[PDB]
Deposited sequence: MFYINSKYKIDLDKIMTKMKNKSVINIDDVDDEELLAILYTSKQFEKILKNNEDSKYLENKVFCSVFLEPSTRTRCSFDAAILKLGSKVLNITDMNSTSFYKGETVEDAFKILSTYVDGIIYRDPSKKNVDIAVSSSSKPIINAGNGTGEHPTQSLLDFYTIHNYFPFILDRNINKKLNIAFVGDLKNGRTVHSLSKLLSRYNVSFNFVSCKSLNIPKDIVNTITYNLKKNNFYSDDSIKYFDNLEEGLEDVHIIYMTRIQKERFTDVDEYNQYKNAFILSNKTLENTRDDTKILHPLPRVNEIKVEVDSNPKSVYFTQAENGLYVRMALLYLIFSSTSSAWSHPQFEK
């Protein structure tokens, strides 16, 4: 019931993927799809005009910031930017609480990226306007989790069915210790009938805190077993019967056409990007690779999220 769920999402801050429930995730995935088709058919997309937002990027994060700016502009709204700056030069004197209390009186909402853990939680306390977390230094990056999930759902829409018979399996590969992109998606995936293969070098294993959240969430839905989670130190074994391969950022695990010879027919490769050697150019040509569609889907998910939070009357729903 889009309209029940829209009323509930109106003026919601999105900081953590756990701020988004079952019903909300469904509206986001249904709305993101409507924006994918509207844009792909070159139709009018101005479903959120008359908003003025502030984008605050206190670390270099060009790809994410351009993603949000494009979302806002394609919806027909305007944005004022703070950019190419850091915590100390932005907040010259000033308490984060004063800066957000004032900033939030000029605009309808704020997109905030800040390496500081604390600063985003203060910004939410202090802001009279909704804030969307664009990434901080606890690894909260909800929009990346949501667009990772949207990608996977398009190839395997039975993840949403919670079907004891239809289980999805995924390999996370590379640096699982620091890959906060893995942690955030794991958290979201484990809400569903999903199995995990953690492929790493020893001193970059998945943290225990994360194994525990997966284990807790799989048990809540009666999908936990001894084949819920498995750990490999090599691709050959690790890439076995997996519907998704998700490669992390920063040798041990370079994806090549050779190393994809014994994967499922239907397997799809994700990567939050940028890459460096993790995935060889040769793989871009391989029909299993979808990391570029994934990045593209960021636009449709960020538009859907802005639409669902900031729409006023909302009557003329996306079609």
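Next item on the list: Point out each run of deposited residues with no C-alpha coordinates, keeping the order of the sequence.
Entry: Missing CA coords at 1-10, 261-275, 341-342, 347-349.
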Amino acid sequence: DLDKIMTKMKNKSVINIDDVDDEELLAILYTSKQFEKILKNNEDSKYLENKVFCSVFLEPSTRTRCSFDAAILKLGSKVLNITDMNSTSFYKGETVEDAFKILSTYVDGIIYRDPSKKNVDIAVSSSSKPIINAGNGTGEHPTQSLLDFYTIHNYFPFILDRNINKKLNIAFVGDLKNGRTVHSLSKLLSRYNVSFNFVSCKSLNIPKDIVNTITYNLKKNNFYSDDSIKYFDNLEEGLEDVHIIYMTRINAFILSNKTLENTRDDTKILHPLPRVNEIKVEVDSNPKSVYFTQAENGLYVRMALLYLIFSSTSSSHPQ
From here on, numbers count along this sequence of modelled residues.
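C-alpha atoms forming the largest set that superposes within 1.5 Å between two forms make up the rigid core.
Notebook entry, point to check: Between 251-259 and 268-276, where do the CA atoms move more in 6 other deposited structures of this protein, taking the root mean square over the structures and residues after a core fit?
Noted result: Farther on average in 6 other deposited structures of this protein: 251-259.
Notebook entry, point to check: Comparing 85-93 with 120-128, which stretch shows the greater average C-alpha B-factor in the deposited entry?
Noted result: Per the PDB record, 85-93.
Check: Looking only at CA atoms, which has the higher mean B factor in the entry: 108-116 or 180-188?
Finding: Stretch with the higher mean C-alpha B-factor: 180-188.
Check: Between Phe100, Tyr246, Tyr231, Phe149, which carries the biggest CA temperature factor in the record?
Finding: Among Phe100, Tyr246, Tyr231, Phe149, the highest C-alpha B-factor in the entry belongs to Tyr231.
Next item on the list: Compare the CA B factors listed in the entry for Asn262, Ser32, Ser55, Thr293 and report the winner.
Entry: Among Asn262, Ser32, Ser55, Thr293, the highest C-alpha B-factor in the entry belongs to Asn262.
Note to self: Please say which third, lowest, middle or highest, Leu80 falls into when its CA temperature factor is compared across its chain.
What the structure shows: CA B-factor rank for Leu80: lowest third.
Next item on the list: Taking the values exactly as deposited, rank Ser61 by C-alpha B-factor within its chain and report the matching third: lowest, middle or highest.
Entry: Ranked within chain, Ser61 CA B lands in the middle tercile.
Item checked: Ranked against its chain, the third holding the CA B-factor of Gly135 -> Lowest third, going by the recorded CA B-factors of the chain.
Margin query: Ranking every modelled residue in this chain by its Cα temperature factor as given in the entry, which third contains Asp69?
Written below: Lowest third.
Checklist line | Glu278 - which third its CA temperature factor falls in, relative to the rest of the chain | finding: Top third by C-alpha B-factor.
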